[PDB]
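Next comes model-v5.pdb, with PDB, C-alpha atoms and all ligand atoms.
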```pdb
ATOM      1  CA  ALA P   1      28.572 -39.757  14.249
ATOM      2  CA  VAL P   2      27.970 -36.792  11.946
ATOM      3  CA  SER P   3      31.724 -36.197  11.783
ATOM      4  CA  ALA P   4      32.090 -39.679  10.298
ATOM      5  CA  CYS P   5      28.759 -39.698   8.456
ATOM      6  CA  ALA P   6      28.608 -41.957   5.402
ATOM      7  CA  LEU P   7      25.485 -40.448   3.842
ATOM      8  CA  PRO P   8      25.667 -37.405   1.499
ATOM      9  CA  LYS P   9      25.684 -34.930   4.390
ATOM     10  CA  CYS P  10      22.840 -35.104   6.912
ATOM     11  CA  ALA P  11      23.454 -32.674   9.772
ATOM     12  CA  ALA P  12      22.134 -29.441   8.265
ATOM     13  CA  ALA P  13      22.653 -27.569  11.539
ATOM     14  CA  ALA P  14      25.199 -29.465  13.638
ATOM     15  CA  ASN P  15      22.781 -32.131  14.870
ATOM     16  CA  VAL P  16      24.112 -35.640  15.250
ATOM     17  CA  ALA P  17      20.668 -36.896  16.278
ATOM     18  CA  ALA P  18      19.154 -35.812  12.967
ATOM     19  CA  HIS P  19      22.029 -37.716  11.358
ATOM     20  CA  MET P  20      22.496 -40.890  13.425
ATOM     21  CA  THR P  21      18.721 -41.322  13.040
ATOM     22  CA  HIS P  22      19.521 -43.026   9.718
ATOM     23  CA  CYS P  23      23.283 -43.344   9.645
ATOM     24  CA  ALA P  24      25.567 -45.369  11.915
ATOM     25  CA  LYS P  25      24.299 -48.841  11.016
TER      26      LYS P  25
HETATM   27 ZN    ZN X   1      24.536 -39.181   7.972
END
```
Output the file's structure as structure tokens, nothing else.
Ligand SMILES: [Zn+2]
Amino acid sequence: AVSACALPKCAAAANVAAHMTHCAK
């Protein structure tokens, strides 16, 4: 999830989808 994102910040508007799209793997 964005809250536990590993990448250098992804959610630029509180959007897990935009984040998990690459993260969580
Ligand atoms: Zn991320």
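Around residue 24 (chain P), within 8 Å and counting only C-alpha atoms, the residues found are residues 1, 5, 6, 20 and 22 of chain P, once anything fewer than 2 positions away on its own chain is removed.
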With C-alpha atoms kept, could you save the residues just selected as a PDB file, keeping the file's coordinate frame?
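This is the output file result-v7.pdb:
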```
ATOM      1  CA  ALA P   1      28.572 -39.757  14.249  1.00  0.00           C
ATOM      2  CA  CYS P   5      28.759 -39.698   8.456  1.00  0.00           C
ATOM      3  CA  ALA P   6      28.608 -41.957   5.402  1.00  0.00           C
ATOM      4  CA  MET P  20      22.496 -40.890  13.425  1.00  0.00           C
ATOM      5  CA  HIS P  22      19.521 -43.026   9.718  1.00  0.00           C
TER       6      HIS P  22
END
```
task = Return as a PyMOL selection string the set of residues that the PyMOL selection byres (((not hetatm)) within 6 of (chain X and resi 1)) yields on the displayed structure.
result = chain P and resi 2+5-7+9-10+19+23
With C-alpha atoms retained, could you export that selection as a compact mmCIF listing (two decimals), in the frame of the given file?
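Output file part_31.txt is given in full below:
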```txt
# COMPACT_ATOMS: atom_id res chain seq x y z
CA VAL P 2 27.97 -36.79 11.95
CA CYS P 5 28.76 -39.70 8.46
CA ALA P 6 28.61 -41.96 5.40
CA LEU P 7 25.48 -40.45 3.84
CA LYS P 9 25.68 -34.93 4.39
CA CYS P 10 22.84 -35.10 6.91
CA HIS P 19 22.03 -37.72 11.36
CA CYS P 23 23.28 -43.34 9.64
```
Test item: axis-aligned box, all listed atoms of region 5-20 of chain P, 3 Å on each side, centre and edges in Å rounded to one decimal, as JSON:
```
{"center_x": 24.0, "center_y": -34.8, "center_z": 8.9, "size_x": 15.6, "size_y": 20.4, "size_z": 20.8}
```
